[PDB]
Amino acid sequence: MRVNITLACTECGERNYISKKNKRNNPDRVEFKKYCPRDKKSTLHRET
Amino acid sequence: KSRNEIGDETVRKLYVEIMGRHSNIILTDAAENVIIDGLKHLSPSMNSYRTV
Amino acid sequence: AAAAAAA
Amino acid sequence: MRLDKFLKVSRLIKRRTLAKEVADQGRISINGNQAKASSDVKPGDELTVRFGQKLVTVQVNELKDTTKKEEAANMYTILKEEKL
RNA sequence: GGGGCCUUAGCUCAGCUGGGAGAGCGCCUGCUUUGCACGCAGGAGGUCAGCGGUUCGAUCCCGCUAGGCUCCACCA
RNA sequence: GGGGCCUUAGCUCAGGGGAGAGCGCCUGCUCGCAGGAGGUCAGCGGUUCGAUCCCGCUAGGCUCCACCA
RNA sequence: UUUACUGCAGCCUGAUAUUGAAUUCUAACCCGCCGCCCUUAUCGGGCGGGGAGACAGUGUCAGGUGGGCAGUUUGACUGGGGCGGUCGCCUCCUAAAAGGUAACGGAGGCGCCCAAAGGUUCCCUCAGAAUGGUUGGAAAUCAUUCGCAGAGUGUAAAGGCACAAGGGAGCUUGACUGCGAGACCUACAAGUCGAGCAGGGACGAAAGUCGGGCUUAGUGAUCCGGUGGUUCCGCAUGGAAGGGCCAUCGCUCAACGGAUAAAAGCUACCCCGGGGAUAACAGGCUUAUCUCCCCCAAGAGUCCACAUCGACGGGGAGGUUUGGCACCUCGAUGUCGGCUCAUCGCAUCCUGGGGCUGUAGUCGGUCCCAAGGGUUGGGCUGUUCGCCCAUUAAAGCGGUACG
RNA sequence: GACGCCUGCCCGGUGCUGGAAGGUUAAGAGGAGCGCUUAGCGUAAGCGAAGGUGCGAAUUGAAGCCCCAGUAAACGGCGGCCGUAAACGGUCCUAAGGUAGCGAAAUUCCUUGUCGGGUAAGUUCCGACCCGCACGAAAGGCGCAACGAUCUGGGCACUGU
């Protein structure tokens, strides 16, 4: 129920972050905005 | 006219004898007339005739 | 065992 | 599971000895073919257990080994009954 | 030699930690039973292994004599 | 003596949120019914809000070993 | 040896070439089928007839089955080995007031969880006792005091925390990109803390804090592959296949520094190199057991603890039993029971001399002094031991590598 | 493994034999489709016909395996608790729980089981009880005349054992 997930940027497209989430508490796709090293700014990152 | 435990029907004959101290209750299967069981069990030696 | 059976 | 065990837990025959005697006398068929007291059953079979002058045909749904009526009357489903 | 348990009716055995001896089988008596050796009550049998101390009475407690089972270690 | 599995109604057996069958006993109803008596869940003690359910121990019942000089 | 692993013969089954023509036919192919010739010939070949026939056999490829046959594996710790148990990480004690420190020593947990229980800002203080309350009884919920923590701190032990790290709300994702002076532990590999700079933020007016949770466990190298990115290389050139770098995924590799992607057993048919580093026999050290000797005294013993036994406990001697340890021997210390020959110590079986007796005498009981001598013939069992028969004055215990 | 009388129950698993209704099926056929190059269209980055070169999806493709029956003089197995007087009843489990005949045995830990015989004394022997840890019917069961350089008991004769 606790799986490895990655977070790719919506603008850049690269998989910049990894984290973990519980599938039962969070069935939906998470949306955390993080710093993008390529874009030099904080962009929205989406789980892929 | 008792139904058997497997479902079919087989008539049973129950014999009640009231002879004082020689009284007994004996159940037979009414086709071969062998003793299924008796209330008082008797040996071939003790009461040699009519062994139950 | 220690059987003395030397030949 | 076994046939007599399934008849015991499905409450069709309340005693395992009676179910064993009935299945050993050649009365119960699974999927048309005759079978003994120990034929393994699957969910989705068509039992043809024969009582005294009855032709009860049921359908297997689940297989659980619980000796309680709360979890017993949910495995067999009656399809049709024939007196003779 | 060391500890333990018993000797109780013809036989197998209980009897509580001293308050006055019995069960079953076995042997007779009487009743009853239409009949298949299927039932009932009543009698004996014991110095409780033998002797003597205690107390109001001892299989029981105590001492002294005959007996039977257990219980004790190997080893390579 | 050492591992493994159980101790649940009178008997035989299933089974973290408050536990059940067949037989044995009843209850009214003319080959099957719908209900009741009986459970220290073998006992103790810790983790929490509660234990047949998780654990450290005592008695008990099965199974496998206790071999080499 | 096998349902250990990985394979080889053998057998079975498909495709393909021999191999043709429309179930059928025959020139391919096969006849340990028949007549003639080579030919003096049950080999072979040729010629005719007949049978089968594009089947079979053979070559190549493929899948099953296959200890029948091979090559191997089958862990370590261990108060000998086997068996049981354990193997990595975290907390306490042992640990001797720095750190560290072992044992098959004593107690427990972890192979997670939380999009919030994370970050910031702003507020508040817990558990239990009593009184009063209607369904509240010892406890559901509510007011009061006494409450420095007897509460809580996700999970479990220690350390710590109410100047709260403990509870309640608002806004958020710092649960961050490149790093990092300097340090702690110290075989290495690895692990841990870290002021501070830059880029982009979150909260807060600001100071400021934030590179996950009060801290310490919740995890494993390399190789080989998968995914995304890449002003990197890419075998004459241009590309591509592929490789490099960065990020990330695939382990009960749990024997957790992981031998290989892949592995169980028997040998009383056994062999070799070593060990008394390590067991069985006998010596050695201890005496938990074992055999004896005592202390106290309730009591039994008709009165009476001590004629004789002696509860509950207490103190010793001996190395004869069973043990513990593994000091000596594994380039050999022959191990039970009997036969033969004995010797030694009394904790004395008899015989000799005594004390006390609930010793009238005989026979006895207990305790002293005494090893001089003697301490049996059988039935059973390999037996020591033990039971029984018949004696005897008695048929004694032990040590001497259980002589 | 002479001979005499018999050889009971179980096909669940594994072997053997028979059967494809339905799945799993290799090589070989078969080729969809997707990458790499480029004659050329293109301001930029890309698109791209014919060939060549790799990956090859669907569809076919036997034995064998899953499955279904029989077969035990095939491999093999023939159980527990509680009552009631072997036998019957209640319950769990399996494929079913040992039939006949033997039984303290070349099989029995307890154990030198109990009783009797043999002897003055018999952990050995013989004959019965079943209380069979852990007999058992072709890895045969129970008896059996004759036979044995076999094993275990008991007698006569005989002797320096």
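Residues numbered from 1 in each chain as written, not as in the entry; some residues may be left out. Chains lettered and ligands numbered in written order. Part of a larger assembly, values for the part shown. Heavy atoms only, no water.

In the PDB archive, cryo-EM is given as the structure determination method for this entry, at a resolution of 2.99 Å.

Engineer: I would appreciate a short explanation of the pattern of salt bridges in the present structure.
Structural biologist: Close approach of charged atoms allows side chains of opposite charge to pair. Taken as a whole, this structure holds 10 salt bridges over all chains when the rule is applied. A salt bridge links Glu5 of chain B to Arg15 of chain D; its shortest N-O distance comes to 3.8 Å. With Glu5 of chain B in the loop between β1 (2–3) and β2 (9–10) and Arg15 of chain D in the loop between α1 (3–9) and α2 (16–24), the pair connects residues from two separate chains. For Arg2 of chain D, the salt bridge goes to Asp4 of chain D, with nearest N and O atoms at 2.8 Å. Salt bridges here are not isolated pairs; linked through shared partners, they connect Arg2, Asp4 and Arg16 of chain D. (Salt bridge = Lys/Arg side-chain N within 4 Å of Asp/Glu carboxyl O. Helix = DSSP H or I, 4+ residues; strand = E, 2+ residues; numbered from the N terminus.)

Engineer: Before we go on, may I ask you to explain the protein's contact with RNA strand G in this structure?
Structural biologist: Neighbouring RNA strand G are 23 residues, the closest being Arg2, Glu14, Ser19 and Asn25 of chain A together with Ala2 of chain C. Counted by atom, the contact set of RNA strand G within 4 Å of the protein is 70% sugar and phosphate. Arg2 of chain A is positioned such that a nitrogen or oxygen atom in its side chain is 2.4 Å from a phosphate oxygen of RNA strand G. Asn25 of chain A places a polar side-chain atom, nitrogen or oxygen, 2.4 Å from a phosphate oxygen of RNA strand G. At the level of elements, β1 (2–9), β2 (15–22), β3 (31–36) and β4 (41–47) of chain A are the ones that each hand at least two residues to the surface near RNA strand G. Top element by residues in the surface near RNA strand G is β2 of chain A. It accounts for 6 residues. (Near = heavy atom within 4 Å. Polar contact = N/O pair within 3.5 Å; in protein donor to acceptor, adjacent residues only side chain to side chain.)

Engineer: What is the right way to look at a nonpolar patch on the surface in this model?
Structural biologist: Residues and elements named next belong to chain B. There is a patch of nonpolar side chains on the surface, built from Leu14, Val16, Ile18, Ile25 and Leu39 and spanning about 520 Å² of accessible area. Along the chain, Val16 turns up in strand β3 (residues 13–17). Look at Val16 and you get partly exposed, because its relative accessible area is 49%. (Patch = residues over 30% accessible without salt bridge, like charges linked within 9 Å, V, L, I, M, F, W, Y side chains within 5 Å. Areas by Shrake-Rupley, 256 points an atom, 1.4 Å probe, with all protein chains shown as cover. Buried < 20%, exposed > 50% of the residue type's maximum accessible area, 1.4 Å probe, protein only.)

Engineer: Would you explain the nonpolar core in this entry?
Structural biologist: Taken as a class, soluble globular proteins show a tendency for nonpolar side chains to be buried jointly. Residue and element names in this part refer to chain D. Counting residues in hydrophobic clusters, the biggest one holds 22 residues, and the most contacted among them are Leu3, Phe6, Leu7, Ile28 and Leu47. For this core, the secondary-structure elements that each account for two or more residues are α1, α2 and β4 (57–60). Setting aside residues up to four positions removed in sequence, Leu47 forms contacts with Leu3, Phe6, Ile28, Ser29, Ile30, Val41, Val56, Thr57, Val58 and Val60. (Core = buried A, V, L, I, M, F, W, Y, C linked by side-chain atoms within 4.5 Å. Contact = heavy atoms within 4.5 Å.)

Engineer: Help me understand the pairing of β3 of chain B, please; the structure alone is not making it clear to me.
Structural biologist: On a regular strand, each side chain points to the face opposite its neighbour's, so the side chains alternate between the two faces of the sheet. Residue and element names in this part refer to chain B. In terms of strand pairing, β3 meets strand β4 (residues 24–28) through 5 bridges, oriented antiparallel. Note that in β4 the partner of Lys13 across the bridge is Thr28. Between β3 and β4, which follow one another and run antiparallel, lie 6 residues, and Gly20 among them has a positive phi close to 80°. (Pairing = 2+ DSSP bridges.)

Engineer: Explain the protein's contact with RNA strand F to me, please; I cannot follow it from the model alone.
Structural biologist: Neighbouring residues of RNA strand F: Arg3 of chain B, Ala1 of chain C together with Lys8, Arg11, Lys14, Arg15, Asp65, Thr67, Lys68 and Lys69 of chain D. Among the atoms of RNA strand F lying within 4 Å of the protein, the sugar-phosphate backbone contributes 96%. Take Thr67 of chain D: an N or O atom from its main chain is 2.9 Å from a sugar or linking oxygen of RNA strand F. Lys68 of chain D places a polar side-chain atom, nitrogen or oxygen, 3.1 Å from a phosphate oxygen of RNA strand F. Its residues placed into classes, the surface near RNA strand F shows 1 nonpolar, 1 polar and 8 charged. (Nonpolar A, V, L, I, M, F, W, Y, C, P; charged D, E, K, R; others polar.)

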